[PDB]
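Take a look at the structure set out below.
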Number of protein chains: 4
Amino acid sequence: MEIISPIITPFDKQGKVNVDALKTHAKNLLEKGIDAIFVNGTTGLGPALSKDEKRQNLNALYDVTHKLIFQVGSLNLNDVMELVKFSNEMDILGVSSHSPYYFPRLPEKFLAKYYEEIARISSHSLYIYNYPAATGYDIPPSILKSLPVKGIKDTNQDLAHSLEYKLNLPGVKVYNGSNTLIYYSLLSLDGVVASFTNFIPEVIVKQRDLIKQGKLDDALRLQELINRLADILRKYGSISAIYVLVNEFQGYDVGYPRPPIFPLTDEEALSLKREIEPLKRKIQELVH
Amino acid sequence: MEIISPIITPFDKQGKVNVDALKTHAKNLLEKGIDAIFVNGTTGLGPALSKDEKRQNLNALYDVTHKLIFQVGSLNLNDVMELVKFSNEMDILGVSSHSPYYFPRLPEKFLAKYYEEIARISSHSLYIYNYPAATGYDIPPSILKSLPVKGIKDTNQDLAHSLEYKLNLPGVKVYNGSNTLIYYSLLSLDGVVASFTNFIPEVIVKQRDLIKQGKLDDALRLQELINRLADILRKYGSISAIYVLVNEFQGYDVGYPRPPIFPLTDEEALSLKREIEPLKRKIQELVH
Amino acid sequence: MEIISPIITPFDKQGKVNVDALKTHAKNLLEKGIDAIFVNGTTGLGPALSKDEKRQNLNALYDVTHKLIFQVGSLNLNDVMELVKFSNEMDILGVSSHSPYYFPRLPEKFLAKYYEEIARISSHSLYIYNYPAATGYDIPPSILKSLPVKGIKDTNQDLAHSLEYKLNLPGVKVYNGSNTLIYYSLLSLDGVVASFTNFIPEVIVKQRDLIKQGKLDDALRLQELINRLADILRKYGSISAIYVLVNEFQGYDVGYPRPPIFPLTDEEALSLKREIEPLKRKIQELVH
Amino acid sequence: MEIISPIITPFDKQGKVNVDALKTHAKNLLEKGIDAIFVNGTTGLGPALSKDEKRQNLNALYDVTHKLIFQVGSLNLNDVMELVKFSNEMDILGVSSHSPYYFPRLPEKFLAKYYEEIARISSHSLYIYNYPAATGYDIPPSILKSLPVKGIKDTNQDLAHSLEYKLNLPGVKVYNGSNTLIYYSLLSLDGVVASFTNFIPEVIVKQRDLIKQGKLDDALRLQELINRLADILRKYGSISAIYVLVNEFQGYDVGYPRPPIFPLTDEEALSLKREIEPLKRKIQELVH
Ligand SMILES: [Mg+2]
Ligand SMILES: [Mg+2]
């Protein structure tokens with residue numbers, strides 16, 4: 001059962017990526033038991049990153065590990081293709097893309113043709129990033145059957161949707177991206193790609209290790225706490241709150257997100273910390 | 001009753017903007033009675049355009065007309081601000097942005113802070129581009145009441161939603177973006193920002209002119225034909241179909257959209273032309 | 001342009017229908033200019049009425065006028081059919097039904113077979129009641145093309161959806177059921193079937209008469225006031241608030257709705273009246 | 001891990017309930033390990049049943065078992081209360097209702113007042129039947145915290161939603177109603193209330209028994225077959241298909257559903273049997 005982290009992109013106050021913080025963070029995550037890193041995913045502010053920023057994230061992380069899945073999507077396929085060609089020269093786990101997004105009512109064939117072009121040129125294993133709540137499209141297995149898909153990352157609250165990919169696409173690895181379904185994903189899929197791995201990696205690794213030991217009750221108790229946390233974060237902006245909590249739980253600075261993903265103000269950071277204190281206490285009690 | 005065109009962005013086969021075609025197209029629209037041009041809207045592939053492409057579209061159109069509303073939205077507020085500062089030095093009608101997009105579950109305050117920053121720096125009239133189907137967010141009057149809003153472009157199928165803005169925001173001009181509601185918008189709002197103005201500008205101007213003469217039945221007969229056309233365009237991709245139809249109805253080439261907004265293939269364009277033939281005849285019979 | 005009222009069903013405090021109040025109310029509505037009455041619609045608590053209650057409503061109203069459209073839908077087609085057979089013996093405008101409801105994911109053919117059975121036995125003109133927000137289904141013209149439809153009542157916020165029925169089903173009369181789109185319906189469809197006709201019939205009749213005179217601005221000003229009212233009612237339960245406002249605006253008692261459609265408490269009725277006072281004042285100024 | 005069956009209501013070809021078939025079916029389910037029977041749920045055509053039919057289903061089942069949860073919901077609270085008072089005199093597990101339905105935009109307080117009345121009069125344990133896809137309303141813990149809730153049956157594809165109830169309502173038993181999430185529910189909640197128990201009770205009981213033995217892979221293989229079956233049933237109408245499959249898998253006749261929930265025609269039933277054949281073989285190979 002693979003624990004994949006959609007790693008955050010640290011930015012400084014002027015909105016420039018801080019690759020030193022990115023490498024520090026990645027090294028810690030691996031030491032805490034994260035198995036692979038998904039680069040430029042939603043949690044990493046993917047669609048907000050320029051082509052050059054996406055590339056530089058991969059270049060920085062490559063010094064830490066080669067277990068990197070490189071997300072390359074954008075609204076200009078020429079740019080996507082430049083990143084695919086760049087990644088062909090790197091020894092990584094695979095290349096990924098979410099679907100076209102923003103534009104409503106695009107014909108399904110547009111989605112098929114988009115992935116088809118990535119597959120025509122990529123020399124890496126193709127991963128599909130399915131996130132209908134973000135892109136407005138769901139990628140059905142029917143489109144995927146004609147593509148050389150190796151993995152699918154499904155950020156979806158319906159576990160049966162994730163399981164359907166497994167059933168319809170033999171040999172494809174499937175990972176669910178919901179923080180609130182981790183326990184279930186670890187009991188049925190190939191793993192998870194959950195954002196909370198950025199600040200509580202030991203908790204999610206512990207759930208996985210507990211499940212391997214047959215200690216499901218303990219892993220479920222941890223899920224309860226995770227879900228309570230998720231409710232609290234939503235109010236502040238989940239991605240933005242993650243930056244504050246990485247410092248709190250892991251002990252090093254990862255800077256700030258970049259607006260329109262506004263950083264928490266000092267006041268907001270303090271309020272978040274007060275709210276999560278009881279949960280942090282219960283987590284640190286069950287996970288040493 | 002103003003007719004605003006969200007002008008397309010012509011590209012060549014390599015995905016480079018053709019500014020000569022853009023200028024030709026703009027001149028034709030204006031000669032045919034279009035009141036203003038909305039630059040880098042959804043129809044113009046806004047979110048798909050780089051910052052430099054958005055700038056260059058404005059520069060090119062600025063050689064033809066002063067009647068320009070400049071859309072500057074992107075997922076990096078630093079880039080948005082660069083475009084605001086650029087346009088501050090140009091004599092245009094106003095600046096506009098749709099809301100942050102892609103990322104789900106952003107707090108409402110993020111939307112507010114985004115527009116606040118644009119308003120803090122722009123020396124132009126502020127237009128809000130509201131398109132919930134595309135961005136995932138509806139901008140509520142709550143946030144608008146705090147900003148120096150001059151106009152709102154509401155791409156929404158619920159006409160009561162657009163009418164509501166008029167009521168709650170005294171003095172703000174309100175335009176509806178739906179092609180299928182043109183008639184109704186001309187009879188209740190400040191105008192329309194309709195994509196079909198790209199290929200049938202004369203038809204939409206005629207609706208307005210007929211309404212001005214009290215000839216509502218005639219204007220409604222035109223809307224009926226427009227709605228039949230809209231239903232046909234959907235299977236092909238509405239924006240992509242527009243490029244083909246500009247050449248068919250207006251007689252000059254505007255190139256292609258840029259993938260993931262795939263152009264119609266030669267066979268699809270033939271198929272499209274056959275389907276619309278009877279509708280083109282009826283239209284040209286009523287407008288000439 | 002036809003103004004149809006989906007008349008409320010008066011109940012007493014024990015939840016028994018008060019047919020005397022029903023007849024008094026219907027007589028007043030006709031005197032104020034309502035053209036026809038839709039019996040057992042949503043506003044009339046249709047799905048909440050027993051088979052016998054639906055029948056008794058028709059019987060009571062038949063003494064007042066024969067311009068009655070009899071809504072007969074329920075979740076047992078045997079009961080629907082008994083009401084259709086009953087109505088065959090009455091001299092009325094037509095028989096109507098909303099689609100099957102509650103049960104999710106019923107195949108489209110179930111909806112077709114349902115209406116087909118009503119049409120096999122009915123000796124009256126068939127009216128379709130389309131209300132997707134209530135039933136969970138939208139009835140497409142494709143299903144209707146094979147049925148002897150005479151009228152369609154579309155409670156839908158998308159006016160283009162209502163207009164599409166007109167276009168695809170020649171000779172069929174189409175009426176929109178939204179209170180917030182009345183002005184627009186009166187400028188494009190065969191009429192309206194709006195719930196607010198129960199308490200401000202003179203206002204809606206005045207809009208219609210003004211539009212016939214070409215005084216669109218005045219009719220639109222009235223629409224603005226109606227929409228402001230609609231916002232206020234929603235907070236209390238629109239149907240439940242209607243009962244309180246019939247007494248207020250029309251001067252006679254129509255009793256109460258029946259729980260789960262809870263009547264407004266005395267406190268709530270008083271608060272509603274305070275909130276609408278300014279609007280009531282502006283309405284009574286523009287509509288004598 | 002309890003397995004509750006929302007038992008079907010057998011009807012004859014004239015739409016009359018066949019209580020002999022109901023009793024036969026109930027006995028078979030119980031002999032095969034079903035822990036309790038939910039009476040007049042969606043699967044039992046609840047909202048489509050008259051008050052007398054709901055009563056008679058309970059009376060018939062009461063001759064077979066004490067393990068009954070009686071669903072009493074309807075759109076007239078007076079009728080609901082008559083059924084509550086009726087069941088007060090019977091020794092059953094509890095009383096249940098789904099929320100008010102059909103009518104859109106009812107205030108939340110209406111939902112609260114509805115359940116409050118049931119709780120005021122019932123002398124039985126209260127079960128909440130939450131089915132937002134069917135009723136249009138989600139019952140929030142806010143309202144539940146005020147009521148003497150003993151169990152919640154949540155028909156919801158988001159398992160985190162069901163898990164949330166457990167966390168917020170100490171001591172309340174929580175069951176998930178989705179057939180496609182059975183495995184996950186058995187590993188995290190108090191059980192399931194799954195419609196497929198009607199035709200494959202032995203399979204679902206086996207999943208539970210396997211999980212109890214720690215044989216999760218085997219239980220998941222069964223879920224996979226269940227999910228494939230579910231995808232096939234949808235085109236036919238899931239509830240209607242169930243009647244056919246009870247006879248196929250269990251060997252006795254349970255008649256037909258009642259229109260608008262149309263029975264499968266002879267040709268559809270043949271078509272269904274052919275599609276499921278390979279799945280039935282695999283199931284019977286793993287469960288015997
Ligand atoms: Mg120049
Ligand atoms: Mg007995």
Side-chain angles (χ1 to χ4, degrees), chain A residues 1-7 35-44 46-47 69-73 93-101 108 111-112 114-115 118 125-145 147-197 204 208 223 226-227 230 238, chain B residues 102-105, chain D residues 156-161 178 180-181 183-184 220 223-224 227-228 230-231:
Chain A
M1 202 60 65
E2 195 83 342
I3 299 160
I4 307 179
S5 182
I7 203 173
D35 299 302
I37 299 174
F38 180 40
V39 190
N40 311 320
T42 302
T43 308
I69 299 163
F70 184 42
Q71 203 285 133
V72 297
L93 200 50
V95 66
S96 180
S97 183
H98 53 73
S99 71
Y101 70 96
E108 188 187 58
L111 286 32
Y114 174 82
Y115 281 108
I118 295 174
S125 298
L126 178 63
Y127 284 72
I128 302 299
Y129 183 23
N130 191 63
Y131 197 174
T135 68
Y137 298 96
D138 188 37
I139 304 159
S142 56
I143 288 296
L144 301 190
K145 290 171 189 171
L147 292 169
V149 179
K150 298 304 173 181
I152 299 166
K153 296 174 270 56
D154 193 22
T155 304
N156 202 304
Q157 280 307 116
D158 177 4
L159 282 158
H161 182 275
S162 299
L163 204 55
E164 180 185 17
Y165 284 129
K166 268 283 211 179
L167 284 40
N168 296 358
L169 306 169
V172 173
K173 294 175 285 201
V174 178
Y175 311 92
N176 185 283
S178 176
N179 290 297
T180 58
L181 298 176
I182 292 170
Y183 171 83
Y184 302 115
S185 298
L186 295 174
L187 289 165
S188 65
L189 301 177
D190 297 289
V192 302
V193 187
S195 67
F196 283 18
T197 57
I204 299 171
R208 197 273 311 277
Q223 192 61 58
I226 291 175
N227 290 13
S238 301
Chain B
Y102 181 90
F103 298 95
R105 303 170 279 278
Chain D
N156 205 299
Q157 270 316 280
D158 178 356
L159 215 45
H161 181 277
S178 174
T180 60
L181 298 175
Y183 171 83
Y184 301 115
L220 185 58
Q223 189 62 52
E224 290 172 352
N227 290 13
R228 292 184 177 282
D231 194 53

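Hydrogens, waters and symmetry mates play no part in the numbers below; they use all other heavy atoms, side chains included. Throughout, a chain's letter reflects where its sequence line sits, starting with A, and its residues are numbered from 1.
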- Give a yes or no on whether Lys166(A) atom NZ has more than 12 heavy-atom contacts from other residues, nucleotides or ligands under 6.0 Å away. yes
Value for OG (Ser178(D)) from CG (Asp158(A)), rounded to nearest 0.5 Å, stands at 7.5 Å
- Query: Can you check whether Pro132(A)'s main-chain N or O pairs, donor with acceptor, with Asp138(A)'s side chain at less than 3.5 Å?
  - Reply: no
Between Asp190(A) (side chain only) and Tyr175(A) (backbone N and O only), is there a donor and an acceptor less than 3.5 Å apart?
no
Polar side chain donor-acceptor pair, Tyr184(D) to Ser188(A), under 3.5 angstrom:
yes
Tightest non-hydrogen contact, residues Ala36(A) and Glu2(A), listed as CB-OE2, 4.2 Å
| said: Does the plane of the ring in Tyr129(A) sit parallel, tilted or perpendicular to the ring in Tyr131(A)? Use 30° and 60° as the thresholds. | reply: tilted
I'd like to know if the side chain of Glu108(A) and the backbone of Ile139(A) have a donor-acceptor N/O pair within less than 3.5 Å. no
- Message: Looking at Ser99(A), is its backbone amide N or carbonyl O close enough to the side chain of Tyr115(A) to form a donor-acceptor pair, meaning the two atoms are under 3.5 Å apart?
- Response: yes
* Can you tell me if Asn176(A) and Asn156(A) form a side-chain donor-acceptor pair at under 3.5 Å? -> no
| request: For residues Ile152(A) and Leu144(A), determine if any side-chain heavy atom of one lies less than 4.5 Å from a side-chain heavy atom of the other. | output: yes
Discussion item. If we ignore hydrogens and angles and just use 3.5 Å, is the side chain of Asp35(A) paired with the main-chain N or O of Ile3(A) as donor and acceptor?
Written reply: yes
Tell me if the centroids of the rings in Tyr127(A) and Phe38(A) come within less than 6.0 Å of each other. no
| Under the 3.5 angstrom rule, does the side chain of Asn168(A) hit a backbone N or O of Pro141(A) as a donor-acceptor pair? | no
Query raised in the report: Going by heavy atoms in the side chains, are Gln71(A) and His98(A) under 4.5 Å from each other?
Result: yes
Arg208(A) and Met1(A) have their tightest heavy-atom pair at NH1-O, 2.9 Å
Rounding to 0.5 Å, atoms CD1 (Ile7(A)) and CD1 (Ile37(A)) come to a distance of 4.5 Å
* Does the side chain of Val192(A) reach to within under 4.5 Å of the side chain of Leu186(A), using non-hydrogen atoms? -> yes
Review point. Under 3.5 Å, is there a donor-acceptor pair between the side chain of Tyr183(D) and the main chain of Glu224(D)?
Key: no
Here the gap from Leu189(A) atom CG to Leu159(A) atom CG, rounded to the nearest 0.5 Å, amounts to 6.5 Å
When every non-hydrogen atom of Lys150(A) is compared with those of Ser125(A), the smallest separation belongs to CG-CB, 3.6 Å
inquiry  = Side chains of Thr180(A) and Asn227(A): any donor to acceptor distance under 3.5 Å?
reply    = no
Rounded to the nearest 0.5 Å, the CG atom of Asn130(A) sits from the OG atom of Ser97(A) at a distance of 11.5 Å
Rounded to the nearest 0.5 Å, the CG atom of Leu163(A) sits from the OG atom of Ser185(A) at a distance of 10.0 Å
Looking only at heavy atoms, the pair that brings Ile182(A) and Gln223(A) closest together is CB-OE1, 3.4 Å
For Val174(A) and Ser162(A) the tightest heavy-atom approach is CG1-O, 3.6 Å
Between the NZ atom in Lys153(A) and the OH atom in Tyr165(A), the distance rounded to the nearest 0.5 Å is 10.5 Å
Heavy-atom nearest pair, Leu187(A) first then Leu220(D), reads O-CD2, 4.2 Å
So do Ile69(A) and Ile4(A) actually touch side chain to side chain, heavy atoms under 4.5 Å?
yes
* Asked: Mind checking whether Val172(A) and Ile128(A) have side chains closer than 4.5 Å, heavy atoms only?
  -> no
